[PDB]
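Chains as they are written, first to last, in the authors' numbering: chain A, 1 to 115; chain B, 453 to 465.
Quick reminder that beta carbons are idealized off the backbone N, C-alpha and C, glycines included.
Beneath this line is the structure, given in structure tokens, with notes to follow.
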């Protein structure tokens with residue numbers, strides 16, 4: 001029961017679990033009932049963004065890193081061909097939803113500066 | 453039509 005919070009993905013009520021055992025770590029999400037489960041590494045994330053506390057609909061959003069190796073954004077105009085990754089999760093509490101974002105900020109901030 | 457709006461709710465604050 002270390003590092004976890006009620007996270008609803010794809011309109012599915014489930015609990016999320018962060019694993020900081022490895023460098024890139026791992027964020028597991030299992031349905032509350034028990035049937036659907038998804039796993040996505042947090043290291044892949046690049047930026048963190050969520051809805052304001054005032055917003056009646058409490059939800060978080062995670063943006064992945066862009067591919068600045070093959071993709072090209074022209075020289076003066078930006079001609080990006082692909083698009084960055086962006087996944088959001090529905091929560092039912094500002095405290096829990098805040099515990100996830102606050103943690104994700106440290107996971108990436110520690111792996112983004114360390115390199 | 454609430455798909456595009458979904459990006460705004462997360463984009464801005």
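With DSSP as the reference, label residue i as helix, strand or coil.
i	result
residue 40/A	strand
residue 10/A	coil
residue 462/B	helix
residue 46/A	strand
residue 76/A	coil
residue 28/A	strand
residue 114/A	helix
residue 99/A	helix
residue 2/A	coil
Give me the chain B residues within the contact set of residue i, using Cβ-Cβ distance strictly less than 7 Å, ordered along the chain.
i	result
residue 52/A	465
residue 49/A	462
residue 58/A	Those within 7 Å of residue 58/A in chain B number zero; the least Cβ separation is about 11 Å.
Between which two residues does the beta strand (DSSP E) harbouring residue i extend?
i	result
residue 62/A	59-64
residue 90/A	86-90
Tell whether a beta-carbon distance below 8 Å holds between residue i and residue j.
i	j	result
residue 6/A	residue 99/A	no
residue 462/B	residue 61/A	yes
residue 41/A	residue 26/A	yes
residue 95/A	residue 3/A	no
residue 24/A	residue 43/A	yes
residue 8/A	residue 30/A	no
With a cut-off of 8 Å on the beta carbons, I'd call residue i and residue j a contact; round off their distance for me.
i	j	result
residue 46/A	residue 65/A	4 Å
residue 19/A	residue 28/A	7 Å
residue 106/A	residue 48/A	Contact doesn't hold; Cβ gap of about 10 Å is too wide.
How would you list, in chain order, the residues of chain B whose beta-carbon sits under 9 Å from the beta-carbon of residue i?
i	result
residue 30/A	By Cβ distance, chain B contributes nothing, its closest Cβ being about 23 Å from residue 30/A, past 9 Å.
Give the interface partners of residue i over in chain B, defined as CB-CB distance under 8 Å, in chain order.
i	result
residue 97/A	By Cβ distance, chain B contributes nothing, its closest Cβ being about 12 Å from residue 97/A, past 8 Å.
residue 94/A	The premise fails here: residue 94/A is roughly 14 Å from chain B at the closest Cβ pair, so nothing lies under 8 Å.
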